[PDB]
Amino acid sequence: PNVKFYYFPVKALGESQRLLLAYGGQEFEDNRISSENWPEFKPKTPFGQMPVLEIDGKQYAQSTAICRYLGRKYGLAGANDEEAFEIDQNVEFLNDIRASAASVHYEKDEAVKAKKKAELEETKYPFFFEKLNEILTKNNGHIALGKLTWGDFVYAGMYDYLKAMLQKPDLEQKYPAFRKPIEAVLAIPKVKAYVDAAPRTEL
């Protein structure tokens, strides 16, 4: 198929799709649209956002939905409904962590941001980190099924962005399991080759 991927020049929510395309051996145009050029493309997208994946002229939007689609195409979505459910479930948990951290990161009033951060540090984050540690340990370094799944790609693509929003650059010092899905994805030669060749960003 003729495949084009459109996202900002950052990893954040789109990198997981890039990593999955690499995994599946799919050649693609990796179109990294700057903030300055984005307004020209915005009204051409399904929801006025990126990422957008284009396959043979047809557009696919919504990062998690795209990852699940690619996951199924590439054999990373389990063998049956129950296995597929578990990946969905655990990725939805990751999304709760991300949404919580984003509520702090994108707060423009610094006094409000400080209050929110402190609240999450006492009432959500300790629970999230222990739960993530449980999941990664139960699954032998993976997000789900004890083995490589599309959930690991979601995790690996957003991990640096999530750490930035949490303001815990050193998270994996206390929780060494947290680097394991990233190592799993990078151990795949096609994926490592794409990462080596790809533009670097902090988030």
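All residue numbers are counted from 1 along the displayed sequence.
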Read off the CA B-factors in the entry, average them over 16-24 and over 186-194, and name the higher stretch. 186-194
154-162 set against 25-33, stretch whose average Cα temperature factor tops the other in the entry: 25-33
Looking only at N90, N133, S100, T123, the Cα with the top B-factor belongs to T123
Just grab whichever of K58, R68, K138, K147 has the top CA B-factor as deposited. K58
Please place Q49 in the lowest, middle or highest third of its chain according to the CA B-factor in the PDB entry. middle
Going by what the PDB entry lists, where does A177 fall on CA B-factor within its chain: lowest, middle or highest third? middle
For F129, does the deposited CA B-factor place it in the lowest, middle or highest third of the chain? lowest
Lowest, middle or highest third: where is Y106 by Cα B-factor in its chain? highest
Among modelled residues of the same chain, the CA temperature factor third for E119: highest
